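Single chain ahead, written as structure tokens, the form solved without this ligand.
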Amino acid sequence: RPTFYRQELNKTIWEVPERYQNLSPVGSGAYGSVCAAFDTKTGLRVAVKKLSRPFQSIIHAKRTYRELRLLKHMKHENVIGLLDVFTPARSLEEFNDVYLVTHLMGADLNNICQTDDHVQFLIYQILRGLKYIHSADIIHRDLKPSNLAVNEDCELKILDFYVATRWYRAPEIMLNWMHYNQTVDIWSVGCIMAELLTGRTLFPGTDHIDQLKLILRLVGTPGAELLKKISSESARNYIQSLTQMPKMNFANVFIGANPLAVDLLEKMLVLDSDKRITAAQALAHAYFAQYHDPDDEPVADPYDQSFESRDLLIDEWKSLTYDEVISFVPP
């Protein structure tokens, strides 16, 4: 049981074991604050996240539990993994804060390591990690370049932490569809891969409405029947007021690109989420022929999400979270 020191960072009091030094605030939000640090015990650069009031509400406590459970379960080369989890509390009765620790990566996909081969390798790794995540019955929902970390040797890792999420969000989420499926993440991959191919953001909308119009300008406005699978009533009415836009031929948009990459993008960037390619299907596409290895593209061990159906109070989620903290074993 180590010694903690205190330091006021990100408008809050950080209490961390002395092994973590050189704390430097990275960013913050309503769901936590992140610092880069140096772990003197391993010699690693790490990221430390302090969850912001994790037990203020039932949903806060449940998602605190949800994140810790999820992260303790992820064992994949292309998904961020947990190096440590700690609390300064000495007992459940004073348990109020939770800290998570991962590797610090040298870069994200916005800031780059190294061609068509380099786009293939990066997108392959995203899809390899997504196949794993999706096999655990988890949807990322927030994929964007700043959530994709890359080390020196261009090994990529998916995480969840300017660069707007809206630029990469699936249209059915933008149109207020509540019942979307895992391929919302594939839409995001298509937008990311377009930007790696051309150098430019595919749909850099300045606002909610601008985003929809830029999307429809490329894929074409949907018919009424398609609208009812991807959109809520007020969004359907608005889309139906717009001039008809035809689908563009992606070959004239991604001029010069590998024709197999264009074919893959045509399968990713479709409005019909029942027609959109899955991560496992995309990994088998001929575009990735030089890296595709079904024996090295594993699924996840079964992930017990039955807690998602439990109706628990704040103190009950707090209690389960505490037990996940004190049972953690580092890799």
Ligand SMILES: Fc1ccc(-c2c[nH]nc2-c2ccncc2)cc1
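Only the largest set of C-alpha atoms that superpose within 1.5 Å between the two forms is called the rigid core. Numbers for residues come from their place in the sequence shown, where the first is 1.
The discussion below concerns the form solved in complex with this ligand, not included here.
Steric access to the site is blocked in the shown form: after superposition of the site C-alphas, this ligand as positioned in the entry with it bound has three or more atoms within 2.4 Å of backbone or C-beta atoms. Proximity to this ligand in the entry with it bound, taken as heavy atoms within 4.5 Å, picks out 210-218 from the listed stretches 246-254, 197-205, 120-128, 210-218.
The contact residue chosen from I230, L156, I192, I186 relative to this ligand in the entry with it bound is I230, the criterion being a non-hydrogen atom within 4.5 angstroms.
A single residue from the set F86, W177, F95, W167 has any heavy atom within 4.5 angstroms of this ligand in the entry with it bound; that residue is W177. Taking the partner from the other structure, this ligand in the entry with it bound has a heavy atom within 4.5 Å of a heavy atom of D272. In the entry with it bound, this ligand sits within 4.5 Å of a heavy atom belonging to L226. At the 4.5 Å threshold, heavy atoms of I239 reach this ligand in the entry with it bound. Once both forms are fitted on their core, a CA shift of 2 Å or more is seen for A30 between the shown form and the other one. Once both forms are overlaid on the rigid core, the distance between the two CA positions of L264 between the shown form and the other one is under 2 angstroms.
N78 is not among the residues whose C-alpha shifts by 2 Å or more between the shown form and the other one once the rigid core is aligned; its shift stays under 2 Å.
Inter-residue distance, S28 to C154 (Cα): reduced by at least 3 Å in the entry with it bound versus the depicted form. In contrast to the form presented, in the entry with it bound the C-alpha positions of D142 and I230 spread farther apart by 3 Å or more.
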